[PDB]
Amino acid sequence: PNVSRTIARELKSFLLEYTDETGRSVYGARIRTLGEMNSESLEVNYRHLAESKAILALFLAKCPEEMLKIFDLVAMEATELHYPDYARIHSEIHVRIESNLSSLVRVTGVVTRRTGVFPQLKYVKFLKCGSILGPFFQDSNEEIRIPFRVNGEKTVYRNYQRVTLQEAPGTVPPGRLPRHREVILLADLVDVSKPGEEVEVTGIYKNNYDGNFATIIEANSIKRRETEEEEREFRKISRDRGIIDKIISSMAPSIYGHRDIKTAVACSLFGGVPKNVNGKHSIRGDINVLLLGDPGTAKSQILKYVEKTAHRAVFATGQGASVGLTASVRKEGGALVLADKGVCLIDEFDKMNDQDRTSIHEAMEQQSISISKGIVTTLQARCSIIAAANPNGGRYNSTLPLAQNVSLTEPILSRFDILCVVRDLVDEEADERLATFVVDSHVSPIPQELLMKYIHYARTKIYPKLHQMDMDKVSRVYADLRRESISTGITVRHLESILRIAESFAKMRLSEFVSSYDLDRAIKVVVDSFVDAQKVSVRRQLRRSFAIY
Amino acid sequence: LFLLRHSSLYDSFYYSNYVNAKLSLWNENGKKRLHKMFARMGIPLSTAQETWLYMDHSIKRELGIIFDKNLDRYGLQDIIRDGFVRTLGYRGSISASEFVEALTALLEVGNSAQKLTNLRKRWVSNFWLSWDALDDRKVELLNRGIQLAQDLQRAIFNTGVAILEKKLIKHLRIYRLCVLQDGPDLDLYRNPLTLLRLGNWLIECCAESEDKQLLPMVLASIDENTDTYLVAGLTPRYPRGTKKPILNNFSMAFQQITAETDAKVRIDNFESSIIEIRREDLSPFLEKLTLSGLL
Amino acid sequence: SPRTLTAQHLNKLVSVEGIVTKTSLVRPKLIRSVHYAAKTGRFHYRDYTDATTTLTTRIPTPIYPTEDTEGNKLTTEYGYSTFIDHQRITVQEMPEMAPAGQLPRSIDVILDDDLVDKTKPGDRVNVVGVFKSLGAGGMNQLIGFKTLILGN
Amino acid sequence: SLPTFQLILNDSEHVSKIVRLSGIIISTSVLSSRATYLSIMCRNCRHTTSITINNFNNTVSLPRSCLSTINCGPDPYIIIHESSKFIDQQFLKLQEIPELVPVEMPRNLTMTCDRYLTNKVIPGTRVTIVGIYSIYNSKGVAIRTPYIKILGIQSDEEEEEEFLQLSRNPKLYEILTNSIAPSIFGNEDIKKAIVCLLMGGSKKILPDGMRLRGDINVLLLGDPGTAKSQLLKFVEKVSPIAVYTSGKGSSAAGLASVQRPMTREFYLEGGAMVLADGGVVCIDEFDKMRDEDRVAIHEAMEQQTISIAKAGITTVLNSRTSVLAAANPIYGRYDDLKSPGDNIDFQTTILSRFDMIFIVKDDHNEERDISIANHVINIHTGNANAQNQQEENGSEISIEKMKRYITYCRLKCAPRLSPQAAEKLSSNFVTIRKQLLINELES
DNA sequence: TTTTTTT
Ligand SMILES: Nc1ncnc2c1ncn2[C@@H]1O[C@H](COP(=O)(O)OP(=O)(O)OP(O)(O)=S)[C@@H](O)[C@H]1O
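Protein chains in written order, with the entry's author numbering: chain 2, 201 to 297, 311 to 339, 342 to 361, 372 to 437, 447 to 460, 477 to 572, 574 to 582, 592 to 633, 635 to 704, 756 to 801, 805 to 864; chain G, 326 to 436, 462 to 591, 597 to 650; chain 3, 167 to 228, 230 to 308, 314 to 324; chain 5, 131 to 140, 152 to 198, 203 to 215, 235 to 267, 269 to 304, 320 to 336, 351 to 449, 451 to 455, 457 to 582, 584 to 640.
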């Protein structure tokens with residue numbers, strides 16, 4: 201088909217004047233940002249192409265091969281009319297997008326093992344006819360074959386990688402066995418997946434020529459399974491004051507109340523800062539959440555909300571049913597390796613063995629676990646651990662203490678920062694509100761798309777610091793809290812937690828400076844939380860928590 | 326542009342005082358605008374990070390044409406000047422400006463009332479290291495000061511951003527007034543010259559202009575020795591648009612207020628623009644400064 | 167020492183010390199052939215060399232001969248045809264002599280006829296011989317020029 | 131005899158170019174050899190030439210003609245091995261940096278070394294290598325493994355003058371206890387024992403069939419929250435060679452290695469005590485550890501003699517290590533409220549085979565508590581404790598200085614006790630053994 | 001035909 205010559209003029213009538221939601225040429229506004237970042241990639245939604253001119257959708261399923269070769273070069277010249285000197289960067293931008314041959318296919322799967330990255334010839338130049348032959352094209356997975374021979378020099382290369390992909394164990398019909406298929410990577414997509422993931426790729430489907447037919451999928455657009479005005483309109487809203495209670499009010503509308511423990515969980519995933527001193531040492535960068543449950547609670551529903559909204563979350567089972576959080580060479593990183601700079605979800609400590617005790621022990625303290633294995638490396642782990650426990654026998658035994666109530670030991674609790682505890686007592690109106698909001702559940757807060765851009769945009773950018781004039785009250789708080797709780801029995808790590816929790820409130824305002832309000836909220840959340848763990852004789856502690864305010 | 330020959334063009338603009346306010350480098354808006362200038366230059370980010378010595382010859386020869394073809398977009402058209410460059414041959418050429426900045430940086434680093467006088471003695475002690483530094487052949491010591499100049503400019507622009515977030519400026523009609531009562535790395539602020547260039551770095555930043563009515567800035571800091579709070583005078587900088600013989604104001608005002616009760620005031624500073632004052636007494640000093648305003 | 171043995175302390179006679187370990191198998195090798203022709207009623211003579219025996223780079227002369236000149240049957244003979252045994256062993260240096268902390272590294276030395284099966288794996292042996300390097304070092308058709321030691 | 135010298139100087154964009162870089166050494170190879178100058182011979186006509194070569198990384206090979214014509237063809241050339249010249253070759257392999265971008270498994274490359282660069286660095290250092298990122302082909321899809329040829333490796351008299359100056363000051367012991375843990379207040383007895391561990395005692399080569407042991411051992415059993423963890427990390431950073439281990443269970447760190457496989461050969465890979473022969477071993481979680489190869493550790497610190505009698509090898513090797521412990525008793529601070537033993541469930545013979553045993557307590561002192569509070573707030577914020586630069590101007594100018602000093606200190610002095618001091622220790626061991634008699638026989 | 005696991 202030679203008509204694509206004339207179609208190249210008209211395919212830019214879609215590129216730079218795609219008027220949707222009052223004009224807004226997302227492609228034309230995007231190109232200046234593409235060459236701005238030198239990403240050498242342009243994204244094309246199948247919705248927009250199907251919406252404007254579906255003749256190209258036919259040109260996708262029938263001939264996806266040469267259509268890209270015609271589309272990317274015109275995108276190159278269409279970008280160079282915008283940037284006069286962009287050809288000095290890369291000068292080539294590749295684009296993104311039996312009944313299966315010669316078509317683009319939306320494919321799912323799980324990443325099996327793979328290989329390294331090698332360069333591959335792109336330009337082929339060739342003693343028979345005097346001098347060299349001339350430039351020729353390096354076919355993909357095929358030779359040129361124009372006596373002469375290819376020389377070592379004068380060869381422009383291209384990085385290559387092939388990726389094995391096998392079927393996803395999640396949508397397997399139950400009991401059958403998975404099968405395999407080949408995926409080959411190209412330039413900007415070099416080594417994008419990682420073992421232990423799922424993936425959704427947009428591939429063109431080919432087959433081998435002859436052997437002396448195996449099919450190979452070359453892939454175009456990798457998307458993982460689930477702009478300028480987008481962050482500035484975002485900043486027009488983020489300037490307000492009452493976002494504190496609103497975050498908890500926008501955190502989890504399924505169960506309506508419980509603002510305190512919901513604010514603590516919302517603070518946990520929002521992160522802390524380890525703040526490595528220049529040359530000296532790094533302290534700790536995570537917030538530790540324990541939530542002592544009760545049968546008869548939808549506390550698990552909360553952590554499921556945590557897993558869908560947050561970045562990397564692998565649900566760690568109750569007892570050995572899964574992944575195992577400790578990487579080990581078996582016939592290879594653990595799930596904690598997947599959750600780097602993310603939040604892990606580990607629960608039901610009552611039924612977890614010592615393997616988990618060592619992994620969780622070292623990971624929340626100083627991030628790295630070593631062995632008595635024939636390889637010696639130090640892989641760290643910056644996970645964030647959120648637990649959900651269960652009381653022994655009764656949900657709450659008596660006035661007897663928390664350490665007497667729980668079956669764990671003291672140092673594992675020491676690794677923990679916050680202790681949110683729920684209570685079960687017969688309230689008539691709470692049951693009324695509960696049943697009525699349940700009815701509403703079967704029928756002002758931030759929409760979930762804005763909050764996900766909020767936490768992702770915040771954790772990559774907001775970097776809290778602190779001044780030296782406001783921590784003296786805090787020093788007095790630690791001094792009275794430790795020195796007065798001597799008669800009670805205490806955590807020095809909770810001293811570091813003060814700054815590491817309070818820094819998140821400055822992360823909430825994206826102000827980079829810790830106001831007094833942040834310290835006051837951090838004190839009013841930590842102190843009373845420690846208060847709630849005692850006996851009925853806590854009245855005295857209630858009568859000394861005034862000076863605390 | 327500053328620190329041209331010994332540093333990356335990226336850091337050169339990043340720490341550039343002239344480029345600072347126009348591009349609003351402290352804020353995130355101009356960040357992309359800076360990369361946009363490089364996108365006009367067609368320079369890879371990694372190419373900008375390399376040392377000036379190892380950058381390609383093409384990039385060298387074409388630098389000025391590229392500047393002529395790109396920077397004008399941001400109003401930078403009047404920059405290129407025919408300034409002199411020394412040829413010492415084999416160790417490489419340097420514009421007089423850069424060597425000046427390095428030597429003055431060598432002046433400020435690279436080193462009851464008895465401690466303050468002891469420190470004053472140490473300032474004079476650092477002068478001979480500079481007088482010795484004036485020779486061409488003694489390069490060993492010179493490179494240390496050359497690099498420490500970068501360490502200063504880093505701290506300057508950093509604390510500068512910190513001041514930009516709190517907006518402690520009192521935009522008054524008479525004159526702008528500010529004070530830094532607390533902050534990290536206050537030891538470097540002991541030298542008056544630190545605050546001289548610091549004030550200059552602010553003065554051009556807050557007002558480009560940015561019409562109208564350029565106003566003087568007030569600045570002070572203290573750590574020990576009972577609220578020394580050196581306050582040095584500062585004057586507005588015009589962006590080429597000596598239009599008038601304005602010069603200064605403060606000498607007469609200092610004579611008027613120092614002629615009053617003047618308790619604990621010390622005129623010990625050789626330069627008339629800077630004076631030591633107690634904060635307790637600096638507040639009324641300000642009150643008397645506002646009114647009667649001599650200007 | 168084997169640690170500083172390569173490149174220099176090369177193509178000379180080297181005194182090596184170390185431990186006898188992993189003794190290989192005993193195979194005999196043919197050198198001088200005796201062949202009888204039926205009609206002439208005479209004997210004959212033919213030799214063959216390899217890189218272990220000559221110590222000098224000579225043209226190798228390998230196929231077992233029959234029907235050379237006229238058509239006389241070259242019946243080979245035995246007994247009078249000579250043979251020499253052959254063996255190769257590895258000697259790593261003494262482990263206490265090693266650097267700060269490492270796995271000791273080693274080379275090998277080839278013996279000859281009257282010295283076959285004199286070292287069992289596991290003894291203390293001083294060795295005097297000549298450092299011989301054989302083989303086409305990758306110029307045959314990727315790191316070659318494998319080594320051994322002779323004249324022992 | 132004078133060969134040609136070698137000069138030593140110091152992705153799609155990186156193929157075969159002048160690039161400097163930096164990484165960590167994964168594993169080296171055994172000193173190998175390519176050839177440099179060589180003469181060939183025609184086996185029939187006796188025709189000889191000679192070729193010198195430099196770039197041993203394909204370009205040219207032996208011809209197949211007698212060359213006297215310029235039919236003996238094909239290739240008649242036989243390499244004269246008695247009149248050749250050779251050099252050495254190393255073949256390192258490097259591993260990525262553990263602080264940045266492992267967001269994965271560690272990746273690696275292949276190195277190759279030339280003439281005077283051989284046998285230079287034992288693995289474990291953090292180094293920089295200037296290189297050439299070139300491509301080779303060996304083991320229709322054009323799969324080629326890339327590599328970096330090494331040119332100019334750089335490592336990790352007047353100093354003797356300042357060393358002698360620092361040796362004779364009588365305040366050296368304290369100024370070193372102002373050098374180890376600036377981030378940690380208190381714990382000064384531990385802070386002192388680290389000073390003695392980084393130097394190492396005497397080493398006796400007696401007519402006796404054994405030699406004795408020199409380096410020492412550090413224990414930190416005690417209550418949690420002490421940050422003894424930060425202390426053991428900084429111990430690893432100070433010594434030039436040392437192995438830090440956090441517990442019995444890793445992601446990737448092993449401990451006599453048994454490797455069985458290409459060419460069907462058994463070979464010895466390594467481990468952890470092997471890297472730390474003559475260094476510091478840090479073991480965290482002394483009670484969270486298994487009894488699977490613990491015996492090697494029950495011997496490595498006492499007789500320095502690891503035996504291997506497996507399927508591959510039958511050697512007795514050396515291990516000059518020093519182990520540093522950091523335990524936790526059961527139930528935290530209550531272990532001292534019952535009988536004062538009740539800590540190691542197996543027995544006390546391992547502790548008898550250690551050197552120093554310290555117990556960390558936790559007593560409230562409000563001034564100490566406020567001081568440890570604001571001391572740590574000053575550590576986090578406002579860089580108050582971080584004043585150190587004037588302290589550098591007055592005490593302990595650097596950590597790397599301390600390292601260079603220990604390197605100079607270990608092999609130079611030959612310490613030994615003094616005869617007038619020996620009778621003091623002889624009279625003192627009596628008092629300690631009597632002390633144990635008092636606490637034991639009457640109880 | 002031998003090295004890391006787990007019921
Ligand atoms: N002066 C300090 N004292 C105690 N902890 C500190 C101090 N400064 C910072 N820290 C931090 O507080 C944490 C307290 O835990 P550790 O002191 O490691 O307790 P632990 O006794 O090591 O528990 P382990 O490691 O399982 S034995 C440290 O890991 C540091 O992150």
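The C-beta atom is built at its ideal place from N, Cα and C for all residues, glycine as well.
Is DSSP giving residue 275 (chain 3) helix, strand or coil here? As a first step, residue 275 (chain 3) is located in the third sequence; it is residue number 108 there, counting from the start. It is a strand residue.
Three-state secondary structure assigned by DSSP to residue 112 (chain 5): Absent from the structure is residue 112 (chain 5), since the part of chain 5 shown begins at 131 and ends at 640.
Any beta-carbon of chain G closer than 7 Å to the one on residue 823 (chain 2)? Residue mapping note: residue 823 (chain 2) aligns to position 508 of the first sequence, counting from 1. For residue 823 (chain 2), the answer is no, since every Cβ of chain G falls outside 7 Å of its Cβ.
Between the C-alpha atoms of residue 291 (chain 5) and residue 271 (chain 5), what's the straight-line distance to the nearest angstrom? Counted from its first residue, the fourth sequence places residue 291 (chain 5) at position 126. Counted from its first residue, the fourth sequence places residue 271 (chain 5) at position 106. So the alpha carbons of these two residues sit roughly 15 Å apart.
So the beta strand (DSSP E) residue 521 (chain 5) belongs to, where does it begin and stop? Walking along the fourth sequence from the start, residue 521 (chain 5) turns up at place 325. Where residue 521 (chain 5) is concerned, the enclosing beta strand (DSSP E) stretches over 519-522.
Using the Cα positions of residue 305 (chain 3) and residue 246 (chain 5), report the straight-line distance between them to the nearest angstrom. Translated into positions along the third sequence, residue 305 (chain 3) becomes position 138. Translated into positions along the fourth sequence, residue 246 (chain 5) becomes position 82. Taking the straight line joining both Cα atoms gives about 18 Å.
Step through the CB atoms of chain 3 and report whether any lies within less than 7 Å of the CB of residue 131 (chain 5). Mapped onto the fourth sequence, residue 131 (chain 5) falls at position 1. False, the Cβ-Cβ gap to chain 3 never drops below 7 Å.
Rounded to a whole number of angstroms, what is the C-alpha to C-alpha distance between residue 616 (chain 2) and residue 439 (chain 5)? Against the first sequence, residue 616 (chain 2) aligns to sequence position 356. Against the fourth sequence, residue 439 (chain 5) aligns to sequence position 245. Using only the alpha carbons, I get a separation of about 18 Å.
Within the continuous alpha helix (DSSP H) that includes residue 493 (chain G), where are the two ends? Within the second sequence, the letter at position 143 stands for residue 493 (chain G). It spans 489-516 - the alpha helix (DSSP H) in which residue 493 (chain G) sits, taken as one unbroken run.
Under 7 Å between C-beta atoms, does residue 179 (chain 3) make it to chain 5? Working through the third sequence from its first residue, we reach residue 179 (chain 3) at position 13. No, residue 179 (chain 3) does not count as interfacial toward chain 5.
Any beta carbon from chain G within less than 7 Å of residue 288 (chain 2)'s own beta carbon? Counting from 1 along the first sequence, the entry for residue 288 (chain 2) is found at position 88. Yes, residue 288 (chain 2) lies at the interface with chain G (some Cβ there is under 7 Å from its Cβ).
Assigned secondary structure, residue 769 (chain 2) (DSSP; H/G/I helix, E/B strand, else coil): In the first sequence, counting from the first residue as 1, residue 769 (chain 2) sits at position 457. It is helical.
Going by CA-CA distance only, name the one from 487 (chain 5), 516 (chain 5), 488 (chain 5), 509 (chain 5) that's closest to residue 501 (chain 5). Stepping through the fourth sequence from its first residue, residue 501 (chain 5) is reached at position 305. Ranking the options by Cα distance to residue 501 (chain 5), first place goes to 516 (chain 5).
Specify the secondary structure class of residue 394 (chain 2) as computed by DSSP and reduced to three states. Counting from one through the first sequence, the residue named residue 394 (chain 2) turns up at place 169. Residue state, collapsed to three classes: coil.
Quick one: residues in its chain with C-beta nearer than 6 Å to the C-beta of residue 645 (chain 2), no 5 flanking neighbours on either side, listed in chain order? Counted from its first residue, the first sequence places residue 645 (chain 2) at position 384. For residue 645 (chain 2), where only same-chain residues beyond five positions count, the Cβ hits under 6 Å are 536, 603.
So with Cβ pairs under 7 Å, would you call residue 303 (chain 3) a contact of chain 5? Along the third sequence, one-based indexing puts residue 303 (chain 3) at 136. Yes, because at least one Cβ of chain 5 sits closer than 7 Å to the Cβ of residue 303 (chain 3).
Could you tell me whether the Cβ of residue 367 (chain G) comes closer than 7 Å to any Cβ of chain 2? Reading the second sequence from its first residue, position 42 is the one you call residue 367 (chain G). So yes, residue 367 (chain G) belongs to the interface.
Three-pair Cβ contact test at 8 Å for the stretch 342-356 of chain G versus the stretch 842-859 of chain 2: no
How is residue 427 (chain 2) classed by DSSP in three states: helix, strand or coil? For the purposes of this step, residue 427 (chain 2) is taken as residue 202 along the first sequence, with counting starting at 1. Strand at residue 427 (chain 2).
Specify whether the stretch 180-193 of chain 5 and the stretch 359-371 of chain 5 touch according to this definition: at least 3 beta carbon pairs, one from each stretch, less than 8 Å apart. no
Give, in chain order, every residue of the stretch 513-542 of chain 5 whose Cβ lies closer than 9 Å to some Cβ of chain 2. 524, 526, 527, 528, 529, 530
For the beta strand (DSSP E) that contains residue 293 (chain 3), what are its first and last residues? Within the third sequence, residue 293 (chain 3) is the residue found at index 126, counting from 1. It spans 290-300 - the beta strand (DSSP E) in which residue 293 (chain 3) sits, taken as one unbroken run.
Give a yes or no on whether the C-beta atoms belonging to residue 297 (chain 2) and residue 233 (chain 2) are separated by under 7 Å. Counted from its first residue, the first sequence places residue 297 (chain 2) at position 97. Counted from its first residue, the first sequence places residue 233 (chain 2) at position 33. Not a contact, by the Cβ cut-off of 7 Å.
Classify residue 610 (chain 5) as buried or exposed, calling it buried when 16 or more other Cβ atoms lie within 10 Å of its own Cβ. Locating residue 610 (chain 5) in the fourth sequence gives position 413, counting from the first residue. Exposed, by the Cβ-count rule.
Determine the extent of the alpha helix (DSSP H) in which residue 451 (chain 5) is found, giving its start and end residues. Translated into the one-based positions of the fourth sequence, residue 451 (chain 5) becomes position 256. Unbroken run through residue 451 (chain 5): none, as it is neither H nor E.
Close Cβ partners of residue 441 (chain G) (< 6 Å) along its chain, the five nearest in sequence each way excluded: The residue list of chain G ends a segment at 436 and starts the next at 462, so residue 441 (chain G) has no coordinates to report.
Top-ranked residue by Cα proximity to residue 777 (chain 2), from 371 (chain G), 466 (chain G), 533 (chain G), 610 (chain G): The sequence position of residue 777 (chain 2) within the first sequence is 465, counting from 1. Of the listed residues, the one whose Cα sits closest to residue 777 (chain 2) is 533 (chain G).
Ligand 1 and residue 177 (chain 5): does any heavy atom of the ligand fall closer than 6 Å to the residue's C-beta? Here residue 177 (chain 5) is taken as the residue at index 36 of the fourth sequence, counted from 1. No, the Cβ of residue 177 (chain 5) stays beyond 6 Å of every heavy atom of ligand 1.
When the cut-off is 7 Å and only beta carbons count, does residue 236 (chain 2) lie next to chain G? For the purposes of this step, residue 236 (chain 2) is taken as the residue at position 36 of the first sequence. True, the Cβ-Cβ gap to chain G drops below 7 Å.
Would you say the beta carbon of residue 419 (chain 5) is closer than 6 Å to some non-hydrogen atom of ligand 1? For the purposes of this step, residue 419 (chain 5) is taken as the residue at position 225 of the fourth sequence. Within the cutoff, so yes.
When we look at the beta-carbon of residue 576 (chain 5) and count the other beta-carbons within 10 Å, is it buried (16 or more) or exposed? Position 380 of the fourth sequence, counted from the first residue, corresponds to residue 576 (chain 5). Buried, since its Cβ has 16 or more Cβ neighbours within 10 Å.
As assigned by DSSP and simplified to three states, the class of residue 552 (chain 5): In the fourth sequence, counting from the first residue as 1, residue 552 (chain 5) sits at position 356. Strand at residue 552 (chain 5).
Quick one: using the 10 Å Cβ neighbour count with 16 as the cut-off for buried, is residue 340 (chain G) buried or exposed? Counted from its first residue, the second sequence places residue 340 (chain G) at position 15. Its Cβ being crowded by 16 or more others within 10 Å, residue 340 (chain G) is buried.
Determine the extent of the beta strand (DSSP E) in which residue 259 (chain 3) is found, giving its start and end residues. Position 92 of the third sequence, counted from the first residue, corresponds to residue 259 (chain 3). Looking at the DSSP string, the run of the beta strand (DSSP E) that includes residue 259 (chain 3) is 250-259.
The stretch 815-822 of chain 2 / the stretch 522-535 of chain 2 touching (three or more Cβ pairs under 8 Å): yes
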